[PDB]
There are 4 protein chains.
Amino acid sequence: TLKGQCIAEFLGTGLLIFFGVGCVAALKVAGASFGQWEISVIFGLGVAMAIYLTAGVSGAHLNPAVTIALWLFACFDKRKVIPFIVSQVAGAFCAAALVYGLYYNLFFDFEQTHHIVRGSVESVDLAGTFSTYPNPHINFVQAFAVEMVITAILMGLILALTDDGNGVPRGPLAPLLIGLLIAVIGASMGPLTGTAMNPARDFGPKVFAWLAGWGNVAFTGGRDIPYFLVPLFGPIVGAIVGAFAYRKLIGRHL
Amino acid sequence: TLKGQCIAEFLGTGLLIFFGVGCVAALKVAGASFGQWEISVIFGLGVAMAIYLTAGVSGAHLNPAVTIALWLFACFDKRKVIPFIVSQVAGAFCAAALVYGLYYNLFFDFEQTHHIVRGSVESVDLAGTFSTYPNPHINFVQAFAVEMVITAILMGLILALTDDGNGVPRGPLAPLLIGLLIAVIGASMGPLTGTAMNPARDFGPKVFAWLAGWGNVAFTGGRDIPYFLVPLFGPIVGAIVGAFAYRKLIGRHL
Amino acid sequence: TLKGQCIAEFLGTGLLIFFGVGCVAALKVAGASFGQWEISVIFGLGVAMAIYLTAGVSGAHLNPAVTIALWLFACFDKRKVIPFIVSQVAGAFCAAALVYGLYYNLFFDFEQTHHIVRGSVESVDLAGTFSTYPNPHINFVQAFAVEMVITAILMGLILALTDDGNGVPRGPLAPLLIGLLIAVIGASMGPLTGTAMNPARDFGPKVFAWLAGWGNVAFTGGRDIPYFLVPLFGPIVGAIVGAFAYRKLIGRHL
Amino acid sequence: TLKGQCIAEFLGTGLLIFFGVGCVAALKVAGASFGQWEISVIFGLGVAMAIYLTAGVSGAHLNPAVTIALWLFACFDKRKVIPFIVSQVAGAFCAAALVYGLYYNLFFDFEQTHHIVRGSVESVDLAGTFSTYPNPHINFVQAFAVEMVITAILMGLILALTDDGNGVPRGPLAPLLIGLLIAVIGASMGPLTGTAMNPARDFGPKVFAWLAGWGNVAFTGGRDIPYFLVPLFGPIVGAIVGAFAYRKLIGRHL
Ligand SMILES: CCCCCCCCO[C@@H]1O[C@H](CO)[C@@H](O)[C@H](O)[C@H]1O
Ligand SMILES: CCCCCCCCO[C@@H]1O[C@H](CO)[C@@H](O)[C@H](O)[C@H]1O
Ligand SMILES: CCCCCCCCO[C@@H]1O[C@H](CO)[C@@H](O)[C@H](O)[C@H]1O
Ligand SMILES: CCCCCCCCO[C@@H]1O[C@H](CO)[C@@H](O)[C@H](O)[C@H]1O
Ligand SMILES: CCCCCCCCO[C@@H]1O[C@H](CO)[C@@H](O)[C@H](O)[C@H]1O
Ligand SMILES: CCCCCCCCO[C@@H]1O[C@H](CO)[C@@H](O)[C@H](O)[C@H]1O
Ligand SMILES: CCCCCCCCO[C@@H]1O[C@H](CO)[C@@H](O)[C@H](O)[C@H]1O
Ligand SMILES: CCCCCCCCO[C@@H]1O[C@H](CO)[C@@H](O)[C@H](O)[C@H]1O
Ligand SMILES: [Mg+2]
Ligand SMILES: [Mg+2]
């Protein structure tokens, strides 16, 4: 049932945000030690768990970009597209609120101790606990290219890993492998844009952060062109390119 | 036989404590380098091994909260509940004593060198080698919420990973995946409460620490409200919520 | 079709370079924290993904040394050898350009801040983002021995992991295991030569770096004997020794 | 054939030493960054590869303690025991020489720079590249207890992971899981004795180090009672206890 699938997409997208935003909060306001690979693998494995938990019900999209791509290249029912996307964004938003609720005291004490005014340009760093912001050395277009390229890779390898006509079928290994994939994408490109590669994963938490006191910078990142647009559209375009590329360069040869 | 199952629960719960408490002792009194993810994955993988070693005999609960939940939602024989719980707590207690026995000299030399009086408020840090204590910035209720939420997630994903009616059956991958799950829970929430999520894993070692010289603070954590109550009840409530939620939101849709 | 296989070899070799060179760029010009094991496992897992993505089409060589060895000991069609090698080198070259394009600004800002003249001997460090260079304490012959030994091990274990007549068949685990293998080779020997073990992985990116401003040192490493020859021939010789050794010492006993 | 099996045991034991001693050399004389978990997982995964490479031929003992235990509790042919042990020790010795050969220059330059006299008490640290030595805070008996306990755990879980009558058969996952097991044992207890848990893994390299200039301290560790005896006998006793315990406490209940 569609209602059941939306609930699963809501929970699954929320789960991956819980683990992902959770470890970044630990890093930023709890003083926990994590390198780039550690934060990346925790997020990737968290996604794997979200898939194992929802694959049997909704097919585990947990990403607006994947939903749209599966509709354009995998015959996914277009009538379930928007319900899926709303469920995903809502799930991400709620999980972000939940993580903030559990780490509540650490955020304030950290802001007090380091004299950080929530909502100021300098608070964009802590807002980074919930969503992504560009590296100081790159611009809007540069960041857009990164998100596009990585989501194309994301979609392409997801189809490859779940394509039973490509080499030996992965079976129950698929979700795990998809998580490991997300881990290497995050570790190799994360310093540039935080590798959002998922509109719901970024927008939902940004809306929460906006409501929780970070204000307008939660959306703009303090840049001339509102940054939120990159994590919102870059992945959608990328996922489409990736799906197309797989069927044309790899599928058409299997 | 019940006697055989209790022995398995005793050994399995003891195994996961050996590895878990072992690496924390290495971190605290042996100067070994470990980040938050490293200590968490070692504990998670250790749990996986404990499951592979006991699944075929007792079903590998190794956690009072899981035993109680499987009794309320999985038709587990209520006559085996208490025997299982006593075996689990006893196993955790003995493994803690074993780890202390092997690291014995390092504890004393560390306390001597850093002028730490065992049993004082400041010794709660080393007592943390055996069990969990709250982050300095959060209170009793806050810590209770964390343990509840994470154990609900723990139970929910355990049912999902072992549910052959949900997506492609995991088979022998299940225990490993459950260990990886524990790893991401510990890495994303560990800075808050040490992610006990298991009454036997926390209480047994606390009793040992109490007997080994840490005294009353082993139980209270040096807080107004004795902390041990959180790791004791928070997980039980959480496991129940998690089991219920899985069958209602995911099971009823498979 | 050969055309389809060349495309797959081009994409697969390009993928492993994207992830590999990507994380090193993060380390060198983005200030990301990675230990030796982290950079090594990211590269190994990246290779695994490249295999899952191309195994069903070309058999996933993604390495000139492996192609040549499979031709000499696995009956691989010699008519596909050169097309495969050209595809591999081209793929590696393009992925290197792509990574440089995404990290563009960080390279220049880093060179400006640290007063590094691209093309000078001291820029060999940053050129190391794309390919391999010898440890300061070893010479040409010493580096040649390392690459030979590790590629022999690489080839030998690849045959062992994909040999269904050796123990229980790995099935879909094979690519993952091959990635983990590459990870341990890189972590245990990487400080010596960067463990190239693949002519295309090293030469293609070196040509790009040469074109991108690093000049002649990209090829020589600033050494009397042009270093590029080691990563070029050491692996080919090694792969052959490894293949031979497997069939004679392990295969002939199965 | 026995000759073929001895060759496999020689290569497999040599492989695990190559990776293991290799990464420690990187840590000690090449300045590579590795935490306790990283060095431990590299060694564990290296063992897994050694098993995948030799399981089909010899059954992959790669450890004198395991060979002796399988003879006493698994009906292993006693006529193959000594040939297996000699092959294992020889393999470990040769791999140690090989790693020293590749890192040759770094050892000398490090000793020159830090003014270390090879063979002196203070050189025991570098000798630790090849084999194990006790933590400064524990004595002979204490170290003996550690090796005994961990090898008992090692043997017990190896039987459990390879016992098709215990839960769902692991199949091709077994070797990997055994490697992960070795990883958690090394990470949780490594700071105490270096977790040798294998007579060949320790003695062979100690003999090499003795011959390579470290002299008598390679065997004694600079202690009153020659340390080499612990890694030599502690594991044998432990493996026997572990095998017995598994069949009595877990097997007899399956
Ligand atoms: C799941 C529903 C979550 C609703 C949003 C709750 C946000 C609570 O967040 C609060 O927001 C206030 C207003 O910005 C700030 O002043 C407070 O500092 C902040 O704690
Ligand atoms: C599915 C997602 C739809 C998003 C629609 C655009 C929402 C943009 O959100 C807007 O961002 C501005 C940034 O300057 C703020 O000033 C506004 O307050 C905010 O509403
Ligand atoms: C497995 C059974 C374990 C029984 C408990 C052994 C505890 C030994 O621990 C000892 O306890 C003493 C009293 O608190 C302290 O004074 C010592 O410092 C401590 O080493
Ligand atoms: C299954 C677990 C049952 C636990 C029952 C409660 C045991 C509490 O333990 C008590 O904690 C107090 C904390 O101030 C101490 O003062 C007491 O000495 C100690 O016995
Ligand atoms: C995929 C095709 C890539 C072609 C090579 C593009 C290299 C762009 O690189 C440019 O090269 C110039 C000349 O060396 C340098 O002066 C510039 O600093 C550098 O950015
Ligand atoms: C398949 C790979 C074929 C490589 C053929 C050799 C290419 C060597 O390349 C050469 O290296 C020299 C190093 O000093 C440079 O001076 C030259 O400019 C460069 O063309
Ligand atoms: C595989 C066969 C290996 C045989 C042992 C080779 C040891 C080479 O090692 C050498 O040993 C000399 C004598 O101790 C030392 O003086 C040298 O410094 C050392 O490099
Ligand atoms: C299978 C392994 C058999 C080992 C037999 C004992 C070998 C001990 O080796 C001995 O150790 C002494 C330590 O002080 C040294 O003085 C001797 O030179 C050395 O031969
Ligand atoms: Mg690490
Ligand atoms: Mg790791």
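Letters A, B, ... are given to chains in the order of the sequence lines, protein chains preceding strands, and every chain is numbered from 1. What you see below is based on every heavy atom in this structure, not just the backbone, and it leaves out hydrogens, waters and symmetry mates.
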Exercise. Hey, are the side chains of C:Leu15 and C:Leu11 touching, using non-hydrogen atoms and a 4.5 Å cut-off?
Worked result: no

For this session: Check whether any side-chain heavy atom of B:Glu38 lies under 4.5 Å from a side-chain heavy atom of D:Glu38, and answer yes or no.
Result: yes

Exercise. Do C:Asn63 side-chain atoms and C:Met197 backbone N/O form a donor-acceptor pair below 3.5 Å?
Worked result: yes

For this session: Give a yes or no on whether the backbone of C:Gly56 and the side-chain of A:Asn166 come within a donor-acceptor separation of less than 3.5 Å.
Result: yes

For this session: List the steps, then state whether side chain to side chain contact (heavy atoms under 4.5 Å, CB included) holds for B:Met155 with B:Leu159.
Result: CA-CA 6 Å; B:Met155 192 69 252; B:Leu159 295 177; 3.9 Å; yes

Problem set entry | Backbone N/O of A:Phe10 and side chain of A:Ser87: donor-acceptor pair under 3.5 Å | no

Exercise. If you round to the nearest 0.5 Å, how far is CG of A:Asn198 from CD1 of A:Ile150?
Worked result: 10.5 Å

For this session: For residues B:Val57 and B:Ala8, report the shortest heavy-atom separation together with the two atoms involved.
Result: CG1-CB, 3.9 Å

Problem set entry | Spacing of D:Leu176 atom CG and D:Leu161 atom CG [to the nearest 0.5 Å] | 10.0 Å

Exercise. Can the ring centroids of A:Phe84 and A:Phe76 be said to lie less than 6.0 angstrom from one another?
Worked result: yes

Exercise. Can you tell me how far the CG atom of A:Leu177 sits from the CG atom of A:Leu181, to the nearest 0.5 Å?
Worked result: 9.0 Å

Problem set entry | From C:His61 atom NE2 to C:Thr54 atom OG1, the distance as rounded to the nearest 0.5 Å | 9.5 Å

Seminar exercise, completed: What one should report as the nearest heavy-atom pair of B:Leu53 and D:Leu157 is CB-CD1, 3.6 Å

Problem set entry | Side-chain donor or acceptor of A:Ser188 paired with backbone N/O of C:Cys23 under 3.5 Å | no

Seminar exercise, completed: In short, A:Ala200 meets A:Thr13 closest at the heavy-atom pair CB-CG2, 4.4 Å

Exercise. Looking at CG of A:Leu70 and CG of A:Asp77, how far apart are the two atoms once the value is rounded to the nearest 0.5 Å?
Worked result: 12.5 Å

Problem set entry | Over all atoms of both residues, closest heavy-atom pair of A:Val184 and C:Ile42 | CG1-O, 3.9 Å

For this session: Could you check A:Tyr52 against B:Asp163 for side chain to side chain donor-acceptor pair (under 3.5 Å), going step by step and ending with a plain yes or no?
Result: CA-CA 10 Å; A:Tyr52 281 120; B:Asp163 182 346; over 6 Å; no

For this session: Say whether, by atom type as modelled, one donor and one acceptor occur between the side chain of D:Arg170 and the main chain of D:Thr162 under 3.5 angstrom.
Result: no

Exercise. Would you say the side-chain atoms of A:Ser40 pair up with the backbone N or O of A:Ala187, donor to acceptor, closer than 3.5 Å?
Worked result: yes

Exercise. Short question: side chain of C:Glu9, backbone of C:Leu62 - any donor-acceptor pair under 3.5 Å?
Worked result: yes

Exercise. So do the side chains of A:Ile68 and A:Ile85 get within less than 4.5 Å of each other, counting heavy atoms only?
Worked result: yes

Seminar exercise, completed: Closest non-hydrogen atoms of C:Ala50 and C:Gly12, given as atom of the first, atom of the second and distance, are CB-O, 3.3 Å

Exercise. Roughly how far apart are A:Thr195 OG1 and A:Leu154 CG, rounded to 0.5 Å?
Worked result: 9.5 Å

Seminar exercise, completed: Shortest non-hydrogen pair, B:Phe73 vs B:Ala243, comes out as CD1-CB, 3.6 Å

Problem set entry | Any donor-acceptor N or O pair under 3.5 Å, side chains A:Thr67, A:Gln88 | yes

Exercise. Where do C:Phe18 and C:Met49 land on the side chain to side chain contact (heavy atoms under 4.5 Å, CB included) test, with the steps shown first?
Worked result: CA-CA 12 Å; C:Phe18 181 82; C:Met49 298 299 137; over 6 Å; no

Exercise. Can you find a pair of side-chain heavy atoms, one from A:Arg247 and one from A:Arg252, that are under 4.5 Å apart?
Worked result: no

Exercise. With side chains defined as the heavy atoms from C-beta onward, is the minimum distance between B:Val47 and B:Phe19 less than 4.5 Å?
Worked result: no

